[PDB]
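Chemist:
Chains as they are written, first to last, in the deposited numbering: chain F, 1 to 107; chain C, 98 to 194; chain B, 14 to 45, 83 to 323; chain B', 14 to 45, 83 to 323; chain E, 1 to 107. A prime marks a further copy of an entry chain.
1. Quick one: residues in its chain with C-beta nearer than 8 Å to the C-beta of residue 32 of chain E, no 5 flanking neighbours on either side, listed in chain order?
2. Apart from the five residues just before and just after residue 36 of chain B, which ones in its own chain have a Cβ nearer than 6 Å to its Cβ?
3. So with Cβ pairs under 8 Å, would you call residue 103 of chain B a contact of chain F?
4. Go to residue 153 of chain B, then tell me how far its alpha helix (DSSP H) extends in each direction, as first and last residue.
5. According to the neighbour-count rule (16 or more other Cβ atoms, all chains shown, within 10 Å of its Cβ), is residue 313 of chain B buried or exposed?
6. Using alpha carbons as the reference points, say which of B':102, B':283, B':30 and B':299 lies closest to residue 154 of chain B'.
7. Mind checking which residues open and close the beta strand (DSSP E) that includes residue 308 of chain B?
8. Going straight from the alpha carbon of residue 31 of chain F to that of residue 149 of chain B, what length do you get?
9. Apart from the five residues just before and just after residue 14 of chain F, which ones in its own chain have a Cβ nearer than 8 Å to its Cβ?
10. With distances taken Cα to Cα, identify the nearest neighbour of residue 177 of chain B among B:166, B:193 and B:186.
11. For residue 247 of chain B', does the three-state DSSP call read helix, strand or coil?
12. Just verifying my parser: in three-state terms, what is the DSSP assignment at residue 59 of chain F?
13. Within 10 Å of its beta-carbon, does residue 290 of chain B have 16 or more other beta-carbons around it, so buried, or fewer, so exposed?
14. Between which two residues does the beta strand (DSSP E) containing residue 147 of chain C stretch?
15. Does any CB atom of chain B fall closer than 8 Å to the CB of residue 91 of chain B'?
16. Determine, using beta carbons only, whether residue 347 of chain B comes closer than 8 Å to chain B'.
17. Whose CA, out of B':296, B':276, B':302 and B':114, lies closest to the CA of residue 139 of chain C?
18. Which residue comes first and which comes last in the beta strand (DSSP E) that contains residue 195 of chain B?
19. Compare the beta carbon distance of residue 315 of chain B and residue 120 of chain B with 8 Å and say whether it is the shorter of the two.
20. In chain order, which beta strand (DSSP E) runs of at least 3 residues are fully inside the segment 159-233 of chain B?
21. Tell me whether residue 130 of chain B is buried or exposed, calling it buried when 16 or more other Cβ atoms sit within 10 Å of its Cβ.
22. Can you pull the chain C neighbours of residue 133 of chain B, defined as C-beta to C-beta under 8 Å?
23. Quick one: what does DSSP say residue 89 of chain F is sitting in, helix, strand or coil?
24. Using a Cβ cut-off of 7 Å, pull out every chain C residue sitting near residue 95 of chain B, in sequence order please.
25. Which residues, taken in chain order from the segment 116-134 of chain C, show a beta carbon closer than 8 Å to some beta carbon of chain B?
26. Using 8 Å for Cβ pairs, my map puts residue 147 of chain B' next to residue 227 of chain B'. What's the rounded Cβ distance?
27. What does DSSP give as the partner residues of residue 104 of chain B in its beta bridges?
28. Output the boundary residues of the beta strand (DSSP E) element that contains residue 49 of chain F.
29. Can you check whether the C-beta of residue 60 of chain F is within less than 8 Å of a C-beta belonging to chain B?
30. Cβ of residue 191 of chain C less than 8 Å from any chain B Cβ?
31. Can you check which of these residues, B':287, B':235 and B':242, is closest to residue 253 of chain B' by C-alpha distance?
32. Contact defined as beta carbons within less than 8 Å: I believe residue 301 of chain B pairs with residue 285 of chain B. What is the distance between those atoms, to the nearest angstrom?
33. Name the residue from B':25, B':20 and B':32 whose alpha carbon lies nearest to the alpha carbon of residue 14 of chain B'.
34. Per the contact definition of three or more C-beta pairs closer than 8 Å, is the segment 33-40 of chain E in contact with the segment 75-87 of chain E?
35. Note down, in chain order, all residues in the segment 140-155 of chain B with a beta-carbon under 8 Å from any beta-carbon belonging to chain D.
36. Under 7 Å Cβ to Cβ from residue 250 of chain B', same chain only, skipping five residues before and after it: list those, please.
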């Protein structure tokens, strides 16, 4: 089976940075892409960016290009998402998914 | 389906190198590349491309060429090959394309 | 006047006055297509003509420069052949990738196994890059060969910290690694000067392929294949590929490589790294 | 009279009358030391002279009999060298051991790795046996080479059961296997007739070593190294070694082997068995 | 930037009936679309992949169909566990544009 385990909630004042952990299990970590999705309460949903753990490249969006930075670690099979310049509109629900045939198979 | 195999069934022991030709019926402005590999006997269906490349392969393009010919070399322990059937007769298998 | 000097191994002659018995203590003086390699073959009809790096073909090590007393192996068919690697999906913000030769083929095929059993390594390489696009796609790729490509570090951005890149970045393996700051190439050197070394341009409106023949370049005839990386390979999307909506957004980049004139020596036990 | 016959490929001529157009339907008619191989070397001063099996030296496959269109590899230094195996402790009731070539070296060295990546295999072999003893030890060993050595089965002793030996006995590997009934050699054939094939006697009062050069013998020029075993090796203590009390009771038997003139073909994926 | 409109936001059908939800894009996506099901407080779940084929573990009551730029999702019949917010994705071109979403309720 394939399981994606994230971290808990975070509370921080505006102006600081936050890092969110996503750890895959039961599947090859560097073989497939690792995406990220933001859901703004309650009606908003959009895609953030992806990372390939083998090479380490990152493919971002137009708006999130400068705000978010994605890193990965092949040893612990864990993906990271670092946010900079946090504001009041940046508070939302974040998702961690993987890409297989081009869709998101597991969330 | 080919006339080669149909006339080959009249005979038992066959020898010599064969050839397989691919034809691209796609559009003129559609491009791309394919990898056509031939695995010597003893190999199964390769799981990935890094496994299949270990044998004889060829690279071909869509745009300016309409055909590719993979020449199947003659690799055998015996000068002749009897027809390979299921079970005990797999000893005569030529390979996998 | 014995001949001890450093300039006496070249084909150029100089005039110099020397008042001692050693020539190094003297003064300066007056100054004066289808490629079939082994069991594999390729046919490139869209490719630009082959670019020979530094105008020299790979060849066997001559007995004049060879310092090894062992008789080397030459497995012509099982060593030298086209090796196809994984494909790199192109994106608009893609910064480019780099590979370290000959660290890519160490795990692949007979070449990789005999490299672990042999201490001494010399071979020439064949670089080939494949990027396909249609007539509605506009982009440019820069494929260059930089000998002795050393990775730097931002040092945390402040500059007061001493840190070195780990073995994962310096030895990416078969999969390769991605550039961080392509402007400096993580060498601190400009990207505009990269064309000084052998290079080839891939322009999607004309040539979708590239071929570069790089011989063996080192200060030593034979060297350890595991530790020493000879040169790197840089595929840099200088001009970002642009396409309107509805066009195919998946553009692969295929890199296939082959060794040329490989010689192994010092048969030994199994050594991974 | 076309030449279709079976005897027309030899150097001997026969006279025959034939009333048909085929020659196979016709009648019978009138009938008419120091050995250095590759990176390894050995010096045997106590050994008897080298016994060439069937009076022929191992040599490369000629183009007349070669049916393969591929160009084979010849890794002279990394393939052909002396390979030392494990030692077999001798005992008074020891029945003898046997090895299956070329299944012993499949896991060892470059020879074993290229054998897994190549479908076609042809090489000659070098057999060497080492058994040391002092002047107070009296014994005799029989080292023989039997082409196409097939293992039998007692069938439970009754004879009404059909059973075949498993892969462990038919393919002992590097360690080898031990004989059960040395009289029949598990072939159902006498031991006294084993000397018809190439053999050498090891007598502890004179020669403590043995050397036998066996070329490639098969009905096909190339053959799969994994499935087909060419010949076996038999070290049989015909005369049990006798020694009084106080003498050293540990007598090892060392068997070292080397390939000669190896040619590989059909480069393929990794195949274990 | 491919805008894909999902209309309308709210529609209600009773149990035992049939429901049709349309997800339309601007250009030709080559029949690449993924329908999602997200219950409140939970993560989205994949249903249809490629506008036609099903997944493993999904019941056969969900049947997607469509051609050109108009794609529909037919659910028959409706039960109490099938009431959630449905989404549609375009993985044909980057960035991947998520649908507006349709929240289902009983009439």
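All residues carry an ideal CB built from backbone N, CA and C; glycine is no exception.
Modeler: On the basis of the supplied data:
1. 50, 51, 90, 91 and 92
2. 17 and 18
3. no
4. Taken as a continuous stretch (DSSP letters only), residue 153 of chain B belongs to no alpha helix (DSSP H), as it is neither H nor E.
5. buried
6. B':283
7. 303-317
8. 18 Å
9. 86, 87 and 88
10. B:193
11. coil
12. strand
13. exposed
14. Not the beta strand (DSSP E): residue 147 of chain C falls in the alpha helix (DSSP H), residues 146-149.
15. no
16. With chain B covering only 14 through 323, there is no way to say anything about residue 347 of chain B.
17. B':276
18. 188-197
19. yes
20. 168-181 and 188-197
21. buried
22. 150
23. helix
24. 158, 161 and 162
25. 126, 127, 128, 129, 130 and 132
26. 7 Å
27. None; residue 104 of chain B has no bridge partner.
28. 46-51
29. yes
30. no
31. B':287
32. Not a contact, Cβ separation roughly 12 Å.
33. B':32
34. yes
35. This model lacks chain D altogether; the protein chains it does include are F, C, B, B' and E.
36. 98, 101, 193, 260 and 262
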